[PDB]
Amino acid sequence: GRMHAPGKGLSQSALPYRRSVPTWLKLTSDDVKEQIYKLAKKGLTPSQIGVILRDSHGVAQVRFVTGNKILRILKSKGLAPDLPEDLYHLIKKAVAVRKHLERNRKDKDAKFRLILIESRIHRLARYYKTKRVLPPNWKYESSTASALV
Amino acid sequence: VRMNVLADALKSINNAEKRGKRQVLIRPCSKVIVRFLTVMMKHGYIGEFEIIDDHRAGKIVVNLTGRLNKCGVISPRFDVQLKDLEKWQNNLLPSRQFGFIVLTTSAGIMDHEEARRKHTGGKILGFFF
Amino acid sequence: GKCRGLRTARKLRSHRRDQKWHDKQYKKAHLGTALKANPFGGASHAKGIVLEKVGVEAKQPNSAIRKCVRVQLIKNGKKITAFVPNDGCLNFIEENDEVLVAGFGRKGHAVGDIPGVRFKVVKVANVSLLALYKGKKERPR
RNA sequence: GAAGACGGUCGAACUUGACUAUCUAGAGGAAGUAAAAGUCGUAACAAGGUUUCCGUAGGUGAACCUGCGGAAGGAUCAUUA
RNA sequence: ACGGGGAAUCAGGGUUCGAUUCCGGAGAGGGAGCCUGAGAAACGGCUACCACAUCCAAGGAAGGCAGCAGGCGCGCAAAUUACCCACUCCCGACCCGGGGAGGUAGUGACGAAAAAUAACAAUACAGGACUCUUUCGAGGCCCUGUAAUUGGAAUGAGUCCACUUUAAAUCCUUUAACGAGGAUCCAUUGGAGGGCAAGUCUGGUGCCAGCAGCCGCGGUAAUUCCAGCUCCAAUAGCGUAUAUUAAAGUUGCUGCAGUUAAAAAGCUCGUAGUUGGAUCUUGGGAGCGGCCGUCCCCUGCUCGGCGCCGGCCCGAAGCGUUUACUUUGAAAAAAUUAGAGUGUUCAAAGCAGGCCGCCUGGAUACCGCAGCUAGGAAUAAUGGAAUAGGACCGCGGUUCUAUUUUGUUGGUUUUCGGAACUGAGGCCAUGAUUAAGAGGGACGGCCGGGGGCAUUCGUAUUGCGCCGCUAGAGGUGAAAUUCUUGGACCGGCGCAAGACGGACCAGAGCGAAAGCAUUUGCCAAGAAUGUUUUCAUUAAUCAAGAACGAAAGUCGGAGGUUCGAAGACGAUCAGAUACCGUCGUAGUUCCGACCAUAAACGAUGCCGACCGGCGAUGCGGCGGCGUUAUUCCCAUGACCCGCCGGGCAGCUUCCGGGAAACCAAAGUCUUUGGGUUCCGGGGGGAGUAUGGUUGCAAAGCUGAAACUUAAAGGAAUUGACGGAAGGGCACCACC
């Protein structure tokens, strides 16, 4: 069951049993990391990196090929973003909605969906403060939000 | 959401045996389910089972007789002294002649009758008869 | 119970505590309003002084005249219509007599045919109304 | 070394006013409940003779009536290329 | 409301009580202040004030029973103005005195224990064993029961000498004498319709009197009243009123309920609260009994004893992830409770007792929680290294520091111990469990009357103008009001305004709910599917707080086509402030601000798991003969046949449940425990009064009590009934 919907969807990605790398994949773990760096430098998220990789370069899971996963490869060298991509995207969506709702006070549905998105943010913020990957001093305020692109 | 995985298991193999199934898939898996089942097996209530290893939590497939009248969880896992264990088997089993409260002691997950002779109480997991 | 948490003692106790007030038998005993408005002030019996002898018309079905006695209670100064038991026992009650008065049986609820009379007369002038009815004691005058 | 006095201190009490917990008197008003047979009707139960009911308005001797939206607990589980 | 030890009840949980003899506290009419003393804020000490009250030669003096008696008062409610220090202890200078503390009697149906009110025979009698008889009857060797029948034998209630008892008595025990046939030395209390044991008896009354906890009885054969006889129940007791416990699974932790009986917030977000996925050690070594059973072992570094040529085996300290949990240990006043022993004559009790000077007891258990202790490490929480200030290693630098140290005594820095700051190397297999049929986020092509802003269209309606022809038109069950030769209604062309979005339109879709339907564009949003993308427990539900919230209604604008609360009429009618009709203001519409409610309904909280079958439909995806279109193949649409997920549904089934109606959920519930929120407790009074709070108002949210009541209610069955539907019959119906 979804967080802020009645939806009981089951559209999950389903990894195979065999964590063992396939045969055909000729790229060594280092050249995969080198290509991950090349994608990160272009300005892509670990989500967008992983998609571009498995599509055009036949690398199912970076964790399967290498040891580690894409953010931890970004983070080790310091190509990772300061605030997480998923909490970035909710703040990005909240600034989009709030801009729409500046000149559309009639749009009561928007206003309700804003409160649902605000709740997704506060909920993730609270999680990342327990894991100290955000400052304890940090708090998403909608007036301070437009600077956080 | 799913919170007591041992509840999902015992209710699913209870539902299944009431229906008359020869075996039943119980599609999350924990070490506590596996110890509980081995206790039900040692007293011959269920048949020799099978733990399917995916690389997540397992799935178990449990051969059934028609001996298991009911298995069940006690949630929450109440603490049971050796004093109190009479009052549980008094109100939670269908007789003194059969039925077994499983309770997780320090010694290990086991029936109430071994918790007597080992002289160790602990937390009631469930029961079966 | 609808919260079987191991750490839920106060919700379960504090709910039960709150929902006991929705019981009648509890709400009655555990407020002053039932014990204050009680004409006897929570006492079993009560001596009072007859100020008139009163015929009360029985209920809808059956139809006699129930011979009760209007009483000024001593302790409170409160007004009570109290029934007089067996056949021809209102003949034993001179006016301005100190009568000992009990409940009727239903813990301050109206009994049988008698509308809003919760009390019976037990003794009259400190002589028992059963003893007068059986003729064992004679009325001291 | 007694009385006694000044000052401090603890502080009962008293006067004055306000705040206030309970009990009691109350012209009049306005309810409710209980009666064996009061008056005007017939609102409701049968499509109860305008289907009933909900919310909200206004109105009227009275039950009530009417507007607007809703419900079936409807008097239709259906009405035909 | 003094607290506790405890009391009652009691399946297991509980509920109620504890003023009351033991512990601790407090106070001496209310407050206050203090003297003495080791100890007092003392009151059978003092000092004031307040209240009350005593004596008075009227100047003054004296008071504190919530000590023992006793009195008044208050009440439903509670005893003698007794004897005694002999017991128990206490005080004193004290073997010696004193103690209303305490003991002993008196009153005492609070309550508890034991336990008389007759037993036995002979007779009439009757029922049941047996030879015997069809039936009767015979016998009673065997029984058993009843008659104010008779007969002795009984023993204490009482009376009473004596002893014993005891401070002196009393009671008890012992014991002379008296002491029983209507054993008058006289058993009551409540009942006898049902619940509920026991009269359809007799006399009286006649819905009166009365009974009656409830249902009911009473109006002339009363099983219920008032009595008589009789019978029942408990019995020296039994009834009544009231609190309270069980019964009450009608407060529900064990363990209740919430579609319709009372009950799920209108809907969603949301913080504390509560609950929270899987995962991190196992194999064997040693030994016994007849392959299976029961045991010991699978952390490491300062001080000495089973020994040995600086250390090997082991003993005792001290550091050792932190908690819950379980088991053990210490410790925890008695009295009570359980309980061991023990003939108080039995018993309640008691703590004693037993043996021809001796022996023996005065045990033991339980004492939630919190605290202390030591094993176990399953379950649950918590932890450690991820810009490496990370281990385990040995090394080289720097600030301050025990002295064993120069034969005993003058100046030192050192090794050495020991602690900080810090530089490099090696070494670690060097450090990140998995990626939930949990969740978020990205991505992809879709999808939808989802929302907003704008744009656009369509008839129709009303009004207006023009043209035509004619007298009616509207309206109703029937009429009337209204319009109308100043041309209405009608027909044709236009114009204007404001509503509204037919048919397509579905048990179809979307939305949290309320809600959402002309075209087109913009705007952000969204579920579902697809995914070998990413984060990696981020979650579920939720007091506080919050968003949205039909219609009506309120305030200020704009507009006013239709419809139409109020109102004006016109009918119907007995009346008709209504249903019907013609006008018709507020309103209906738009904008800004309130209001926060609906049968806001699936009358059904949300999340999760599991348990039937079937064909449909909507969205996405995937696969498969064929037909058709873009024809020129493709690949996409449209059908076709399947599968998968998610959704709105439907049919069916003895899954199972339920009071049923019914429900694939309302099931997986006495075989009762997956998580969590709200909420119900017979009907009324009442969603009322009152207080708060929100609102301009209308009102909303929270919300009693007195009092009243034996039912109100749910589902289903049968009948009657209908101003419901259909079928059928009849010249007591019609044709």
# chains A, B, ... in the order shown; residues from 1 in each chain; ligands from 1
call {"tool": "interface_residues", "arguments": {"of": "chain A", "to": "chain B", "cutoff": "12 Å", "atoms": "only C-alpha atoms", "output": "number ranges by chain"}}
result
A: 1-3, 14-20
call {"tool": "write_last_selection", "arguments": {"atoms": "N, CA, C and O atoms", "output": "JSON list (two decimals), in the first residue's frame"}}
result
[["chain", "number", "residue", "atom", "x", "y", "z"],
["A", 1, "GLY", "N", 0.84, -1.24, 0.00],
["A", 1, "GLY", "CA", 0.00, 0.00, 0.00],
["A", 1, "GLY", "C", 0.85, 1.26, 0.00],
["A", 1, "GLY", "O", 1.78, 1.32, 0.82],
["A", 2, "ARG", "N", 0.53, 2.23, -0.86],
["A", 2, "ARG", "CA", 1.28, 3.51, -1.02],
["A", 2, "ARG", "C", 1.13, 4.36, 0.25],
["A", 2, "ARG", "O", 0.19, 4.13, 1.03],
["A", 3, "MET", "N", 2.03, 5.33, 0.41],
["A", 3, "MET", "CA", 2.07, 6.30, 1.53],
["A", 3, "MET", "C", 0.85, 7.23, 1.43],
["A", 3, "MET", "O", -0.06, 7.09, 2.28],
["A", 14, "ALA", "N", 12.53, -6.67, -9.94],
["A", 14, "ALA", "CA", 12.77, -8.01, -9.35],
["A", 14, "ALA", "C", 14.13, -8.55, -9.77],
["A", 14, "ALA", "O", 14.20, -9.18, -10.85],
["A", 15, "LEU", "N", 15.18, -8.33, -8.96],
["A", 15, "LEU", "CA", 16.56, -8.82, -9.22],
["A", 15, "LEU", "C", 16.55, -10.34, -9.37],
["A", 15, "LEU", "O", 15.74, -11.01, -8.74],
["A", 16, "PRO", "N", 17.45, -10.91, -10.20],
["A", 16, "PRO", "CA", 17.56, -12.37, -10.32],
["A", 16, "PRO", "C", 18.25, -13.00, -9.10],
["A", 16, "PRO", "O", 18.92, -12.28, -8.37],
["A", 17, "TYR", "N", 18.07, -14.31, -8.91],
["A", 17, "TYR", "CA", 18.71, -15.09, -7.82],
["A", 17, "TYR", "C", 20.23, -14.92, -7.89],
["A", 17, "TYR", "O", 20.82, -14.47, -6.90],
["A", 18, "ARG", "N", 20.83, -15.27, -9.03],
["A", 18, "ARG", "CA", 22.30, -15.32, -9.23],
["A", 18, "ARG", "C", 22.87, -13.90, -9.20],
["A", 18, "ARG", "O", 22.75, -13.18, -10.21],
["A", 19, "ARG", "N", 23.46, -13.53, -8.06],
["A", 19, "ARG", "CA", 24.21, -12.26, -7.83],
["A", 19, "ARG", "C", 25.51, -12.26, -8.63],
["A", 19, "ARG", "O", 26.06, -11.16, -8.87],
["A", 20, "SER", "N", 26.01, -13.45, -9.00],
["A", 20, "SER", "CA", 27.20, -13.68, -9.86],
["A", 20, "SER", "C", 27.05, -12.92, -11.18],
["A", 20, "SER", "O", 25.98, -13.02, -11.80]]
call {"tool": "residues_around", "arguments": {"residues": "residue 68 (chain B)", "least_positions_apart": "4", "cutoff": "8 Å", "atoms": "only C-alpha atoms (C1' of nucleotides)", "output": "PyMOL selection string"}}
result
chain B and resi 14+17+45-46+128-129
call {"tool": "residues_around", "arguments": {"residues": "residue 102 (chain C)", "least_positions_apart": "4", "cutoff": "12 Å", "atoms": "only C-alpha atoms (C1' of nucleotides)", "output": "NGL selection string"}}
result
(:C and (39-40 or 42-48 or 73 or 80-85 or 106-108 or 117-123)) or (:E and (76 or 240-242))
call {"tool": "interface_residues", "arguments": {"of": "chain D", "to": "chain C", "cutoff": "9 Å", "atoms": "only C-alpha atoms (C1' of nucleotides)", "output": "list in words"}}
result
residues 34, 35 and 36 of chain D
call {"tool": "write_last_selection", "arguments": {"atoms": "N, CA, C and O atoms (P, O5', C5', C4', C3', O3' and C1' of nucleotides)", "output": "PDB file, in the first residue's frame"}}
result
ATOM      1  P     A D  34     -43.707   9.451  30.524  1.00  0.00           P
ATOM      2  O5'   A D  34     -44.694   9.477  31.773  1.00  0.00           O
ATOM      3  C5'   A D  34     -44.431   8.631  32.902  1.00  0.00           C
ATOM      4  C4'   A D  34     -45.341   8.966  34.056  1.00  0.00           C
ATOM      5  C3'   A D  34     -46.834   8.782  33.817  1.00  0.00           C
ATOM      6  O3'   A D  34     -47.213   7.414  33.941  1.00  0.00           O
ATOM      7  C1'   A D  34     -46.446  10.821  34.946  1.00  0.00           C
ATOM      8  P     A D  35     -47.927   6.646  32.728  1.00  0.00           P
ATOM      9  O5'   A D  35     -49.465   6.701  33.138  1.00  0.00           O
ATOM     10  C5'   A D  35     -50.201   7.938  33.096  1.00  0.00           C
ATOM     11  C4'   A D  35     -51.073   8.061  34.322  1.00  0.00           C
ATOM     12  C3'   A D  35     -52.548   7.716  34.112  1.00  0.00           C
ATOM     13  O3'   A D  35     -53.062   6.860  35.127  1.00  0.00           O
ATOM     14  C1'   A D  35     -52.340   9.910  34.995  1.00  0.00           C
ATOM     15  P     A D  36     -53.688   5.450  34.711  1.00  0.00           P
ATOM     16  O5'   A D  36     -54.804   5.844  33.640  1.00  0.00           O
ATOM     17  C5'   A D  36     -54.745   5.324  32.294  1.00  0.00           C
ATOM     18  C4'   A D  36     -55.999   5.664  31.518  1.00  0.00           C
ATOM     19  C3'   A D  36     -56.691   6.974  31.901  1.00  0.00           C
ATOM     20  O3'   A D  36     -57.260   7.606  30.757  1.00  0.00           O
ATOM     21  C1'   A D  36     -58.200   5.197  32.171  1.00  0.00           C
TER      22        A D  36
END
call {"tool": "select_by_dssp", "arguments": {"residues": "chain B", "states": "helix (DSSP H, G or I)", "output": "PyMOL selection string"}}
result
chain B and resi 5-19+31-42+85-92+112-117
call {"tool": "interface_residues", "arguments": {"of": "chain B", "to": "chain C", "cutoff": "12 Å", "atoms": "only C-alpha atoms", "output": "PyMOL selection string"}}
result
chain B and resi 3-4+74-79+123
call {"tool": "closest_atom_pairs", "arguments": {"of": "chain A", "to": "chain E", "cutoff": "7 Å", "atoms": "only C-alpha atoms (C1' of nucleotides)", "output": "JSON lines"}}
result
{"residue": "A:7", "atom": "CA", "partner": "E:527", "partner_atom": "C1'", "distance": 6.4}
{"residue": "A:8", "atom": "CA", "partner": "E:646", "partner_atom": "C1'", "distance": 7.0}
{"residue": "A:9", "atom": "CA", "partner": "E:646", "partner_atom": "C1'", "distance": 5.6}
{"residue": "A:10", "atom": "CA", "partner": "E:645", "partner_atom": "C1'", "distance": 6.8}
{"residue": "A:11", "atom": "CA", "partner": "E:529", "partner_atom": "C1'", "distance": 6.6}
{"residue": "A:13", "atom": "CA", "partner": "E:531", "partner_atom": "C1'", "distance": 5.5}
{"residue": "A:15", "atom": "CA", "partner": "E:532", "partner_atom": "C1'", "distance": 5.5}
{"residue": "A:16", "atom": "CA", "partner": "E:532", "partner_atom": "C1'", "distance": 6.7}
{"residue": "A:46", "atom": "CA", "partner": "E:534", "partner_atom": "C1'", "distance": 5.9}
{"residue": "A:47", "atom": "CA", "partner": "E:534", "partner_atom": "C1'", "distance": 4.3}
{"residue": "A:48", "atom": "CA", "partner": "E:442", "partner_atom": "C1'", "distance": 6.7}
{"residue": "A:50", "atom": "CA", "partner": "E:533", "partner_atom": "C1'", "distance": 5.1}
{"residue": "A:51", "atom": "CA", "partner": "E:533", "partner_atom": "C1'", "distance": 4.9}
{"residue": "A:60", "atom": "CA", "partner": "E:532", "partner_atom": "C1'", "distance": 4.6}
{"residue": "A:61", "atom": "CA", "partner": "E:532", "partner_atom": "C1'", "distance": 6.5}
{"residue": "A:86", "atom": "CA", "partner": "E:441", "partner_atom": "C1'", "distance": 4.4}
{"residue": "A:97", "atom": "CA", "partner": "E:524", "partner_atom": "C1'", "distance": 5.8}
{"residue": "A:100", "atom": "CA", "partner": "E:524", "partner_atom": "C1'", "distance": 5.7}
{"residue": "A:104", "atom": "CA", "partner": "E:452", "partner_atom": "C1'", "distance": 6.3}
{"residue": "A:106", "atom": "CA", "partner": "E:452", "partner_atom": "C1'", "distance": 6.4}
{"residue": "A:107", "atom": "CA", "partner": "E:452", "partner_atom": "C1'", "distance": 4.7}
{"residue": "A:109", "atom": "CA", "partner": "E:451", "partner_atom": "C1'", "distance": 5.3}
{"residue": "A:110", "atom": "CA", "partner": "E:525", "partner_atom": "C1'", "distance": 6.5}
{"residue": "A:112", "atom": "CA", "partner": "E:547", "partner_atom": "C1'", "distance": 6.3}
{"residue": "A:116", "atom": "CA", "partner": "E:269", "partner_atom": "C1'", "distance": 6.7}
{"residue": "A:124", "atom": "CA", "partner": "E:538", "partner_atom": "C1'", "distance": 6.5}
{"residue": "A:127", "atom": "CA", "partner": "E:538", "partner_atom": "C1'", "distance": 5.6}
call {"tool": "write_last_selection", "arguments": {"atoms": "N, CA and C atoms", "output": "compact mmCIF listing (two decimals), in the first residue's frame"}}
result
# COMPACT_ATOMS: atom_id res chain seq x y z
N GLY A 7 -3.72 3.50 -3.54
CA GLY A 7 -3.07 2.55 -4.48
C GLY A 7 -2.35 1.41 -3.77
N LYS A 8 -2.67 0.17 -4.15
CA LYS A 8 -2.01 -1.07 -3.68
C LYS A 8 -1.23 -1.68 -4.85
N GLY A 9 -0.44 -0.85 -5.54
CA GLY A 9 0.39 -1.27 -6.68
C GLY A 9 1.45 -2.29 -6.28
N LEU A 10 1.92 -3.07 -7.26
CA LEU A 10 2.97 -4.11 -7.12
C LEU A 10 3.97 -4.01 -8.28
N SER A 11 4.10 -2.84 -8.91
CA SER A 11 5.13 -2.56 -9.94
C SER A 11 6.48 -2.42 -9.22
N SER A 13 10.69 -3.70 -9.32
CA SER A 13 11.85 -4.30 -10.02
C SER A 13 12.28 -5.56 -9.25
N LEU A 15 15.18 -8.33 -8.96
CA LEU A 15 16.56 -8.82 -9.22
C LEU A 15 16.55 -10.34 -9.37
N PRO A 16 17.45 -10.91 -10.20
CA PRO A 16 17.56 -12.37 -10.32
C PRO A 16 18.25 -13.00 -9.10
N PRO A 46 22.54 9.17 -9.25
CA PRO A 46 22.72 7.72 -9.20
C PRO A 46 21.59 6.88 -9.82
N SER A 47 20.36 7.40 -9.81
CA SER A 47 19.18 6.82 -10.51
C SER A 47 19.39 6.88 -12.03
N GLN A 48 19.72 8.07 -12.55
CA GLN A 48 19.93 8.33 -14.00
C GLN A 48 21.19 7.60 -14.50
N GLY A 50 22.50 4.72 -13.25
CA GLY A 50 22.15 3.28 -13.28
C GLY A 50 21.32 2.90 -14.49
N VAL A 51 20.38 3.76 -14.90
CA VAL A 51 19.51 3.56 -16.10
C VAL A 51 20.40 3.56 -17.35
N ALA A 60 23.87 -4.75 -15.69
CA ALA A 60 22.62 -4.92 -14.91
C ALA A 60 22.73 -4.12 -13.60
N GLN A 61 23.57 -4.58 -12.67
CA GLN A 61 23.78 -3.95 -11.34
C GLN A 61 25.27 -3.63 -11.17
N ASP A 86 16.75 12.07 -3.84
CA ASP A 86 15.29 11.81 -3.67
C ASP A 86 14.66 12.96 -2.88
N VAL A 97 5.21 23.11 -7.65
CA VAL A 97 3.78 23.19 -7.20
C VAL A 97 3.53 24.58 -6.59
N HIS A 100 3.28 27.27 -9.17
CA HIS A 100 1.96 27.11 -9.84
C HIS A 100 0.86 27.72 -8.97
N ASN A 104 -2.87 30.78 -8.57
CA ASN A 104 -3.96 29.78 -8.75
C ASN A 104 -4.50 29.40 -7.36
N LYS A 106 -7.50 29.38 -6.38
CA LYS A 106 -8.68 28.53 -6.68
C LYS A 106 -8.30 27.04 -6.70
N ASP A 107 -7.09 26.70 -7.15
CA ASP A 107 -6.63 25.29 -7.30
C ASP A 107 -6.45 24.69 -5.91
N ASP A 109 -7.10 21.48 -5.13
CA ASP A 109 -6.48 20.14 -5.31
C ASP A 109 -4.96 20.26 -5.23
N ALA A 110 -4.36 21.22 -5.96
CA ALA A 110 -2.92 21.55 -5.90
C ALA A 110 -2.49 21.74 -4.44
N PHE A 112 -3.80 20.79 -1.62
CA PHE A 112 -3.87 19.49 -0.89
C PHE A 112 -2.68 18.61 -1.28
N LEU A 116 0.67 17.06 0.92
CA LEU A 116 1.11 15.64 0.81
C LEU A 116 2.61 15.59 0.50
N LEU A 124 11.24 12.46 5.13
CA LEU A 124 12.61 12.07 4.67
C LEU A 124 13.67 12.87 5.43
N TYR A 127 14.28 11.31 8.69
CA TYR A 127 15.06 10.06 8.49
C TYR A 127 16.56 10.36 8.36
call {"tool": "residues_around", "arguments": {"residues": "region 29-40 of chain B", "least_positions_apart": "5", "cutoff": "9 Å", "atoms": "only C-alpha atoms (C1' of nucleotides)", "output": "PyMOL selection string"}}
result
(chain B and resi 5-6+9-10+45-49+51+57-60+62+68+71+100+102+104+108-111+125-126+128) or (chain E and resi 278-279+379)
call {"tool": "interface_residues", "arguments": {"of": "chain E", "to": "chain B", "cutoff": "12 Å", "atoms": "only C-alpha atoms (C1' of nucleotides)", "output": "ChimeraX atom specification"}}
result
/E:11-13,253-255,275-279,324-328,375-380,433-439,539-541,606-612,655-656,667-668,670-676
call {"tool": "select_by_dssp", "arguments": {"residues": "region 4-130 of chain C", "states": "strand (DSSP E)", "output": "PyMOL selection string"}}
result
chain C and resi 46-57+65-73+79-83+98-103+119-124+127-128
call {"tool": "write_last_selection", "arguments": {"atoms": "C-alpha atoms", "output": "compact mmCIF listing (two decimals), in the first residue's frame"}}
result
# COMPACT_ATOMS: atom_id res chain seq x y z
CA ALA C 46 -34.89 7.19 58.09
CA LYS C 47 -37.26 8.42 60.89
CA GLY C 48 -39.72 11.10 59.65
CA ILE C 49 -42.99 12.75 60.86
CA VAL C 50 -46.35 12.01 59.06
CA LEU C 51 -47.88 15.35 57.86
CA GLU C 52 -50.81 13.76 55.88
CA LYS C 53 -52.26 10.32 54.89
CA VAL C 54 -52.38 10.08 51.04
CA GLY C 55 -54.33 7.84 48.62
CA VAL C 56 -52.22 7.14 45.46
CA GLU C 57 -54.13 5.75 42.39
CA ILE C 65 -55.95 3.08 45.82
CA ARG C 66 -52.48 2.62 47.49
CA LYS C 67 -52.52 4.15 51.04
CA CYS C 68 -49.19 6.04 51.46
CA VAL C 69 -48.11 8.67 54.06
CA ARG C 70 -46.53 12.11 53.30
CA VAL C 71 -43.40 12.36 55.56
CA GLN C 72 -41.13 15.28 56.62
CA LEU C 73 -37.73 13.56 57.25
CA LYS C 79 -40.66 15.49 51.60
CA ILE C 80 -41.39 11.73 51.03
CA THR C 81 -44.56 9.81 50.04
CA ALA C 82 -43.91 6.42 51.75
CA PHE C 83 -46.26 3.41 51.24
CA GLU C 98 -42.58 9.61 64.13
CA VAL C 99 -42.39 6.67 61.60
CA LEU C 100 -39.21 4.67 60.69
CA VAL C 101 -39.16 4.48 56.85
CA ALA C 102 -37.11 2.11 54.60
CA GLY C 103 -36.77 1.71 50.78
CA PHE C 119 -40.44 3.92 50.46
CA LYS C 120 -42.47 1.78 52.93
CA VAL C 121 -43.32 2.57 56.61
CA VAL C 122 -41.59 -0.03 58.91
CA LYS C 123 -42.32 1.24 62.51
CA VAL C 124 -44.90 3.86 63.75
CA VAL C 127 -43.51 0.25 67.40
CA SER C 128 -43.13 -2.21 64.44
call {"tool": "residues_around", "arguments": {"residues": "residue 62 (chain D)", "least_positions_apart": "3", "cutoff": "10 Å", "atoms": "only C-alpha atoms (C1' of nucleotides)", "output": "list in words"}}
result
residues 40, 41 and 43 of chain D
call {"tool": "closest_residue", "arguments": {"among": "E:410, E:173, E:129, E:273", "to": "residue 9 (chain C)", "atoms": "only C-alpha atoms (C1' of nucleotides)"}}
result
E:273
